[PDB]
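Here the Cβ positions follow ideal geometry from the backbone for every residue, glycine too, while neighbour counts run over all protein chains shown. No lab work stands behind these numbers, since they all come straight from the coordinates.
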Amino acid sequence: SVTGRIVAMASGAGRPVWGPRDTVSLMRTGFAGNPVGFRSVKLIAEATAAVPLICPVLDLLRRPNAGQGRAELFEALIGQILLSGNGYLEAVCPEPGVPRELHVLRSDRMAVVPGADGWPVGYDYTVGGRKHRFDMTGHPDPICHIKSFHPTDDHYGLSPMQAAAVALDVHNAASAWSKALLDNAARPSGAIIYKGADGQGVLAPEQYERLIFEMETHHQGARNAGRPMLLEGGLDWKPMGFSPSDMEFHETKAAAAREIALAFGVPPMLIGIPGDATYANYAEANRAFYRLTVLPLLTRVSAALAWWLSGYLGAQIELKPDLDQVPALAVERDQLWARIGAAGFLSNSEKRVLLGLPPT
Amino acid sequence: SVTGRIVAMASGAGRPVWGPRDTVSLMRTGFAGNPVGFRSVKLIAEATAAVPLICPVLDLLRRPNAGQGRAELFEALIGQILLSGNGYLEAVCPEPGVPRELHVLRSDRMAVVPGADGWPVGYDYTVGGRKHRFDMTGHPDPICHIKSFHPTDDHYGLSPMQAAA
Amino acid sequence: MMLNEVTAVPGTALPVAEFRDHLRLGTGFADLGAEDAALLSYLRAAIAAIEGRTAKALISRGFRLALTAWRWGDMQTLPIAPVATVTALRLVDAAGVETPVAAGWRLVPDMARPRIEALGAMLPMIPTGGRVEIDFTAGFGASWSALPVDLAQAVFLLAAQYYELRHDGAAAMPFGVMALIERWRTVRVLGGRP
Amino acid sequence: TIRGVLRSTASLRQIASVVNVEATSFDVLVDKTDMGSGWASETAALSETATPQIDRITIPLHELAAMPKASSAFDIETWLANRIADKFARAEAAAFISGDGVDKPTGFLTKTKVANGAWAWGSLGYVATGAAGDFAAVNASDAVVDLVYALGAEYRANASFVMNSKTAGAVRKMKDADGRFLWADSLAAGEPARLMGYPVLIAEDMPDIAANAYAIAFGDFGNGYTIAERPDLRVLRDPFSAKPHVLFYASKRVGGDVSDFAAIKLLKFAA
Amino acid sequence: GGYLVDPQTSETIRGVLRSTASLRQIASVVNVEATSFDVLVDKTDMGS
């Protein structure tokens, strides 16, 4: 905070700081463009919305606004964090405490203002040429700004799609390689070469319609596969091939489809990409998914809702994921109940306090 | 239903709507032609006929008509749904309640009529140049029309053979 | 796409008096005897052999390019390469109402790929059946002196050959006829849909 | 981050009456004259004293358009959107002050000015300074103070000066017979921003001091000048017309002239 | 006072009414997606 004043002047106080320009184009080319970048965010954002929470405040979260439910809110919230590294939540307060409206402001059209002491004073929702200038020079601070970790930038997040932005363009263009190869390719199944007495000679349109009708009827198609095809003088049939037949950038697409899944943190088994068996039997890969890239993400966002929404209340509230009755963690729950349940030496109430039960 | 009147006028009320022409040719080229398309429908239609049902009404289903048993009926019924996306069941009622005849009308020769409010008023069994014009402007509505899901069409089914054509 | 010439050369524009000098001047039998109007008939045969291999025009004759459908959305490369000033882009309909247009297109001149390249993305659409028709003047200059002289020498190396030997008789020069033409041929590598 | 030249931002938008309008035009309705009531006589007819003739002034609500062609270090979509909003904030400022009638809002300077004391409704009133080149030589700022006190006490509750930078320069250049800077006395003060108890708006589209130019205005522009506009800004992110250049289309529509001819008073630098 | 008062307009831009009978009602239409359609008729009958 003491050094906060020094970085603020360099950027320029009172003026909007934009950060990354090409953020909106990674969405259309990397999330609406390829299925791997599409499925990876949809797999996470529909997983963090499904996790229950532990606190009143959750009555706001259950019904944030019209037409945007509890689970639909976090899909919009985490879906901006995975896409552009930043999450925004406007609170509309007709009432003084616990404001009854939440709105995920998209992070394409939002810009920060550094202000005096380096910590932000303005946020600017910029649609068309129109700005809004939300104000942070107050106590309730009407927008929570959830940052992904960015080491070099002081105001935004890193957005894992930016780290995979080369592997998206490999997977977008290798998939479009095979598309435009199926659309721009002339393979013939042969060529009836007609030289003539000279090195060059055309055949007359009388002879040419004769050549079609014996080729149309008697030689093409499945039903004429293999006629013995008499070739008189001058004529010759050179059959062409198609030498790379399968596998046009097949492994570099399948390797880039795994590096996209690597950056968002989904395992290759969940998304459905082919590859070597790393995880075994989905009791691991679903448990690894909710432990390395979902529950760390959800306990970081819920820790920002636990502090931003407590600024509207008087008492501070904690708000964490449940990490109980989330059915992907049952292999960590069998393993912990059967450990203490088999420990017969310590008594009955001495293990209800370990497994989390109210003792009797 | 409130929007039903708007789509009906575009198609043209009182006039038969046919849908897919080449439906009869996918049967001869895809179900009488190759064993994989042959076995796949016969594997399903002989499986749905074997499943018992839970309700009187099933006395009709057990003996629908002459020469066409209970299990033979659903093979004809599901065998039209898998082939052309549409199932049809004519009920002949000499008696007022629980009509004692069921007949699977084949969906090659059946055509819909959109009617006034978008929901159908006529079905046309068209063999040769001969029509019949079944009427849906009544309460018993003598033909059940089972649709497979079709997102783009408003009157027929999608027939998985068309997706594998 | 018929692309007939509107008018041919006058004949008096051709260098018949100069071609007699390329035939035998400074060395030779004398001026000798040459059927003058014969020598004009070999220049028109050597130019029309180099107008075809190079797709150039060389005398700046008037053309009429009447084609039915536009190939691209807007581009319309013109075949005869050195162009200047579209005379008119009149547009006839299936009956022959012949309604010209005067704006919407800007000819972009170039020796490589002359174009029509309309403004924006809208090039004048075609009446159904009513072929579009483009009149233009393509070539280097009105007189023989306005030509690139290396291309003019390829005419004189070729028109003298049709004068020196009549039938197709057999006979590797460094800059022959073929080596002077190749920097004026059209180098294309598209066999595709656009 | 790509930089640009920083232009003036003060635009007469924050002191004039900004009205969100949705139709094609905005019609303000001002009566031109008084009721004309007289003290009645005890034995007289006493009928039809008078009626204020009303007048509709039409804000035409013109449109403003700028059309640049776009032709990964800095991102054009955000930067060009932050430049064209500045240009639409600055190009309407010239129309609000010295715009003419054709296709653009007519500024308050283009309204057929008449010398004050012979002031009628259809015009704006001015006060003369003296010599034609500049302020008066004998007593400077007398033109400024009687410009203030020749307006009307009801509009001077919230009125402001409108100048450009180098007319406020020539105002701060005024000095007494010892040279002690009548406005902001020391060389350590700065812009005092409260000329004659009233705020100053440095609007660069005002003319400078010339032979007859009206370089200083003063008024309650909340009643005087009505800016009727639509708040949005059109954003056609065009992916057609030219493959090479995006050629974004951005437009804001805005109109305005004077609603009240009594609010604004001008300073003519002449005799 | 004449500028003070403004007229009330209709709720819908209305038009002259023209006929709807079109022979589309009595001819037979086909839901088709193509560039051409080819009916198949029999000009004459077989000799018997």
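Kindly indicate which of C:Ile116, C:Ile80 is under 26 Å from C:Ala152 (Cβ atoms), outside any helix (DSSP H, G or I) and in contact with a strand residue (DSSP E or B) (Cβ under 8 Å, 6 or more places away or on another chain). Talk me through it step by step, then tell me what you get.
Details: C:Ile116 fails: under 26 Å from C:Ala152 (Cβ atoms).
Criteria check complete, one pass: C:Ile80.
Looking at segment C:6-15, can you tell me whether even one residue there is loosely packed, with under 11 Cβ neighbours inside 10 Å, under 19 Å from C:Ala160 (Cβ atoms) and not charged (D, E, K, R)?
no
Kindly establish whether C:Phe175 is away from chain D (no Cβ under 14 Å), more than 20 Å from C:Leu67 (Cβ to Cβ) and surrounded by fewer than 19 Cβ atoms within 10 Å (Cβ to Cβ). Spell out the reasoning first.
Values: away from chain D (no Cβ under 14 Å): yes; more than 20 Å from C:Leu67 (Cβ to Cβ): yes; surrounded by fewer than 19 Cβ atoms within 10 Å (Cβ to Cβ): yes.
Yes, satisfied.
Restricting the search to segment D:79-100, which residues are in contact with a strand residue (DSSP E or B) (Cβ under 8 Å, 6 or more places away or on another chain), facing chain A (nearest Cβ under 10 Å) and not hydrophobic (A, V, I, L, M, F, W, C)?
Listed by number, the list holds a single entry, D:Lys87.
Looking at (1) surrounded by fewer than 18 Cβ atoms within 10 Å (Cβ to Cβ); (2) away from every other protein chain (no Cβ under 14 Å), which one does D:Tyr126 not meet, given that it meets all the others?
(1)
State whether the residues of segment E:13-24 include one that is in contact with a strand residue (DSSP E or B) (Cβ under 9 Å, 6 or more places away or on another chain) and in a loop (DSSP other than H, G, I, E, B).
In the first step, residues of segment E:13-24 are kept if they are in contact with a strand residue (DSSP E or B) (Cβ under 9 Å, 6 or more places away or on another chain); the result is none.
No - not one qualifying residue is present in segment E:13-24.
Restricting to segment A:145-158, name every residue that is more than 14 Å from chain D (Cβ to nearest Cβ) and either under 21 Å from A:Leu313 (Cα atoms) or buried (at least 17 other Cβ atoms within 10 Å of the Cβ) (or both).
A:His145, A:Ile146, A:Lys147, A:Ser148, A:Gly157, A:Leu158
Against the conditions (1) away from chain A (no Cβ under 14 Å); (2) surrounded by fewer than 20 Cβ atoms within 10 Å (Cβ to Cβ); (3) under 25 Å from the mean Cα position of the chain (by Cα), where does D:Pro231 fall short? Just the number, please.
Single failed check for D:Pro231: (1).
Would segment D:260-271 turn up any residue that is out of contact with any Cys (no Cβ under 8 Å at 6 or more places or on another chain), β-branched (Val, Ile, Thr) and part of a loop (DSSP other than H, G, I, E, B)?
For segment D:260-271, residues out of contact with any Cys (no Cβ under 8 Å at 6 or more places or on another chain), β-branched (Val, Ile, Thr) and part of a loop (DSSP other than H, G, I, E, B): absent.
At least 3 residues that are not hydroxyl-bearing (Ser, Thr, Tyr) in each: list the strands (runs of 3 or more DSSP E) lying fully within segment B:54-131 that qualify.
Correct list: B:86-92, B:101-104, B:110-113.
Being away from chain A (no Cβ under 14 Å), of a type in the set (S, T, N, Q) and more than 24 Å from the chain's Cα centre (by Cα) narrows it down to one of D:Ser186, D:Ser165, D:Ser160, so name that one. Can you show your working first?
Working: D:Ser165 fails: more than 24 Å from the chain's Cα centre (by Cα); D:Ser160 fails: more than 24 Å from the chain's Cα centre (by Cα).
Only one candidate qualifies: D:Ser186.
Yes/no per residue for (1) away from chain D (no Cβ under 14 Å); (2) closer than 27 Å to A:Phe134 by Cβ:
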| position | (1), (2) |
| --- | --- |
| A:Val7 | yes, yes |
| A:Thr29 | no, no |
| A:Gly33 | yes, no |
| A:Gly37 | yes, no |
| A:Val41 | yes, yes |
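Per-residue answers, yes or no, for (1) under 30 Å from the mean Cα position of the chain (by Cα); (2) exposed (fewer than 12 other Cβ atoms within 10 Å of the Cβ); (3) of a type in the set (A, V, I, L, M):
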site	(1), (2), (3)
A:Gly128	yes, no, no
A:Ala163	yes, no, yes
A:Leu181	yes, no, yes
A:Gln200	no, yes, no
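Which number in (1) within 14 Å of chain E (Cβ to nearest Cβ); (2) at positive phi; (3) loosely packed, with under 11 Cβ neighbours inside 10 Å marks the one condition that B:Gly12 misses?
Among (1) within 14 Å of chain E (Cβ to nearest Cβ); (2) at positive phi; (3) loosely packed, with under 11 Cβ neighbours inside 10 Å, the lone unmet condition for B:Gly12 is (3).
Go over the candidates A:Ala45, A:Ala91, A:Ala49, A:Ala111 one by one and state the one that is crowded, with 18+ Cβ neighbours inside 10 Å, more than 30 Å from A:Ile6 (Cβ to Cβ) and in contact with a strand residue (DSSP E or B) (Cβ under 8 Å, 6 or more places away or on another chain).
On the way: A:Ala45 fails: in contact with a strand residue (DSSP E or B) (Cβ under 8 Å, 6 or more places away or on another chain); A:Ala49 fails: in contact with a strand residue (DSSP E or B) (Cβ under 8 Å, 6 or more places away or on another chain); A:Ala111 fails: more than 30 Å from A:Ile6 (Cβ to Cβ).
Exactly one of A:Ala45, A:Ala91, A:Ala49, A:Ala111 is crowded, with 18+ Cβ neighbours inside 10 Å, more than 30 Å from A:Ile6 (Cβ to Cβ) and in contact with a strand residue (DSSP E or B) (Cβ under 8 Å, 6 or more places away or on another chain), namely A:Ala91.
Residue under question is A:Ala191, and the condition is that it be more than 30 Å from A:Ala165 (Cβ to Cβ), among the hydrophobic types (A, V, I, L, M, F, W, C) and surrounded by 10 or more Cβ atoms within 10 Å (Cβ to Cβ); does it hold?
Values: more than 30 Å from A:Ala165 (Cβ to Cβ): yes; among the hydrophobic types (A, V, I, L, M, F, W, C): yes; surrounded by 10 or more Cβ atoms within 10 Å (Cβ to Cβ): yes.
Taking the combined requirement at face value, the residue satisfies it.
Need a quick list: helices (runs of 4 or more DSSP H) entirely within segment A:285-360 having at least 1 residues that are under 30 Å from A:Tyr88 (Cα atoms) and touching a helix residue (DSSP H, G or I) at 6+ places or on another chain (Cβ under 9 Å).
Because the criterion is at least 1 residues that are under 30 Å from A:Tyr88 (Cα atoms) and touching a helix residue (DSSP H, G or I) at 6+ places or on another chain (Cβ under 9 Å), the helices (runs of 4 or more DSSP H) in segment A:285-360 that meet it are A:285-292, A:295-308.
Inside segment D:61-90, can you point out the residues that are more than 22 Å from A:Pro20 (Cα to Cα) and crowded, with 18+ Cβ neighbours inside 10 Å?
D:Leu61, D:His62, D:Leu64, D:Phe88
Please go through segment A:123-144 and pick out each residue that is within 14 Å of chain D (Cβ to nearest Cβ) and aliphatic (A, V, I, L, M).
Within segment A:123-144, A:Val127 is the sole residue that qualifies.
Which is in contact with an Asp or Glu (Cβ under 7 Å, 6 or more places away or on another chain), buried (at least 16 other Cβ atoms within 10 Å of the Cβ), of a type in the set (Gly, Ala, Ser) and in a loop (DSSP other than H, G, I, E, B), of A:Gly19, A:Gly33?
Only one candidate passes the filter, namely A:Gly19.
Within segment C:64-77, how many residues turn out to be surrounded by 15 or more Cβ atoms within 10 Å (Cβ to Cβ) and not in a strand (DSSP E or B)? Outline the logic, then answer.
At the first step, the residues of segment C:64-77 found to be surrounded by 15 or more Cβ atoms within 10 Å (Cβ to Cβ) are C:64-67, C:70, C:74-77.
Subset that is not in a strand (DSSP E or B): C:66-67, C:70, C:74-77.
The qualifying residues number 7.
Would you confirm whether any residue within segment D:23-43 is of a type in the set (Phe, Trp, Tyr) and farther than 20 Å from D:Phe261 by Cβ?
yes
Could you tell me how many of the residues in segment B:1-21 are closer than 15 Å to E:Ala27 by Cα and among the β-branched types (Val, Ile, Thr)?
Number satisfying all stated conditions: 1.
Name the residue that is nearest to the other protein chains (Cβ to nearest Cβ), counting only residues in segment D:26-50 that are surrounded by 12 or more Cβ atoms within 10 Å (Cβ to Cβ) and part of a loop (DSSP other than H, G, I, E, B).
Ranking the qualifying residues of segment D:26-50, first place goes to D:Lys32.
Take the residues of segment D:110-121 that are of a type outside the set (A, V, I, L, M, F, W, C) and in contact with a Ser or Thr (Cβ under 7 Å, 6 or more places away or on another chain): which is surrounded by the most Cβ atoms within 10 Å (Cβ to Cβ)?
Result: D:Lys113.
Let me spell it out: the conditions are (1) loosely packed, with under 13 Cβ neighbours inside 10 Å; (2) in contact with a strand residue (DSSP E or B) (Cβ under 6 Å, 6 or more places away or on another chain), and C:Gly52 meets all of them except one. Which number is the exception?
The number of the failed condition is (2).
Got a sec? Which of E:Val16, E:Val5 is within 14 Å of chain D (Cβ to nearest Cβ) and exposed (fewer than 10 other Cβ atoms within 10 Å of the Cβ)?
E:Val5
Answer yes or no as to whether D:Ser71 is more than 10 Å from every other protein chain (Cβ to nearest Cβ), outside any strand (DSSP E or B) and in contact with a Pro (Cβ under 8 Å, 6 or more places away or on another chain).
Working: more than 10 Å from every other protein chain (Cβ to nearest Cβ): yes; outside any strand (DSSP E or B): yes; in contact with a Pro (Cβ under 8 Å, 6 or more places away or on another chain): yes.
Taking the combined requirement at face value, the residue satisfies it.
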